[PDB]
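First, one chain by itself in structure tokens, the form deposited in one PDB entry.
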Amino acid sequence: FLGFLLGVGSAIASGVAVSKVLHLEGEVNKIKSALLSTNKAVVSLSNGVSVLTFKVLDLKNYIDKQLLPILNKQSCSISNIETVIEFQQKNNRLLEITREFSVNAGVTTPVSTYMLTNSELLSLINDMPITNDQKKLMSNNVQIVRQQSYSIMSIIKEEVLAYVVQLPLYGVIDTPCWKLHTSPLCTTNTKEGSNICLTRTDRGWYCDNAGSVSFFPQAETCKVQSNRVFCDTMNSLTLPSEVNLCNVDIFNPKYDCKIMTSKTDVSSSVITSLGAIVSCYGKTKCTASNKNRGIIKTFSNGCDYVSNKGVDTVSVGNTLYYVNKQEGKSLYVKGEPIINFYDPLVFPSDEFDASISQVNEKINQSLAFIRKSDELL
């Protein structure tokens, strides 16, 4: 819910900064000349920064071993094979690359195999000034890295085409992350509309990071890959370690847990890594099955849960959800629905960005200037 608390960056500012620089008159030449006839340079610029350069395709020094080697037996005749083959394809790359920039007005992502071949990528990764676990990680997950990379068209000039490539740095690795799922919790009692709900708004991915915790509110800005979690910090908050306390004890004095109130008791499910939360309310039909032998459990109104051991699938209302078949150990932790601790008479049924204790203050306010302005009379 809390994605509106995020800051706002400029994903390709890094990359463009370098593009911008490639229009300085001296620069373009400094580059070509530095790849005199090497293929990986390290040209420091006339801005004054180091950029691993890279000629990946020589077409000038190919065409010019068959412009003059064919502007003579032609016009006209034939030459042979091999030369067609090894150009049809050589040129073809460029054509793709040109398609790609033209449709995405000069900026592509993911970065394609044409823009950078595994060949060329892994090599880049190898001489990147960065740790060794970074290297291995990147190498075993190239199609992800490609997804988090950008490619930025920069210049076509005399006899040279430059485009910048922006690649991720994984400055944080092998720290423990964890994922928090939350459905709404309401009172079950019978009169339709007599009922109060509350939800934890703090759902997301959470990863330990430099003594704090990076929190990712919109959990589809992260890709799990087995048990690795690729996130981007551009979409994160930096919170105290204490924020975990909300899971064992949502009332704790150390961190003030975040919630949302409403009166809107509606049935829904949340599928977890290894199970399924069910919020059943009203006249809803909520169920959990095994594909083979059908319904194996029927939920009562309120918020409950099942693991994916034995369960394939869960229906709530007319909504069937397949469960995640990942393997692991679930543990149910019985506890009193905290919503049962609140007097409906003085409960804030409209609160989108609130905390546990904000609700409390707001209650005391109500409670006090009820009871006082009352025995008064």
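All residue numbers refer to positions in the sequence shown, first residue = 1. Definition used throughout: the rigid core is the maximal C-alpha set that superposes within 1.5 Å between two forms.
As the entry records it, the average C-alpha temperature factor is higher for 72-80, out of 163-171 and 72-80.
A summary of the deposited B-factors shows that, of 314-322 and 46-54, the stretch with the larger mean C-alpha value is 46-54. Remark: of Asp232, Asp208, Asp127, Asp304, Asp127 shows the highest value [criterion: C-alpha B-factor in the PDB entry]. Considering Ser355, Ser19, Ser14, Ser366 together, the PDB entry gives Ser366 the largest C-alpha B factor. Placement of the Cα temperature factor of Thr38 within the chain: highest third of the modelled residues, per the deposited record. Among the modelled residues of its chain, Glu86 has a C-alpha B-factor that falls in the highest third, as given in the PDB entry. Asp256 sits in the lowest third of its chain by CA B factor, as recorded in the PDB entry. In the deposited entry, the Cα temperature factor of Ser119 places it in the highest third of its chain's modelled residues.
In the deposited entry, the Cα temperature factor of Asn292 sits in the top third of values across the chain's modelled residues.
Note that the form deposited in another entry isn't included here; everything after this is about it.
Core superposition between the shown form and the other one leaves every listed residue (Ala210, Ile296, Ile173, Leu71) with a C-alpha shift below 2 angstroms except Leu71. After superposition on the rigid core, the Cα of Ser226 moves by less than 2 Å between the shown form and the other one. The Cα position of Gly335 differs by less than 2 Å between the shown form and the other one after fitting on the rigid core.
Superposition of the core reveals a Cα shift of 2 Å or more for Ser46 between the shown form and the other one.
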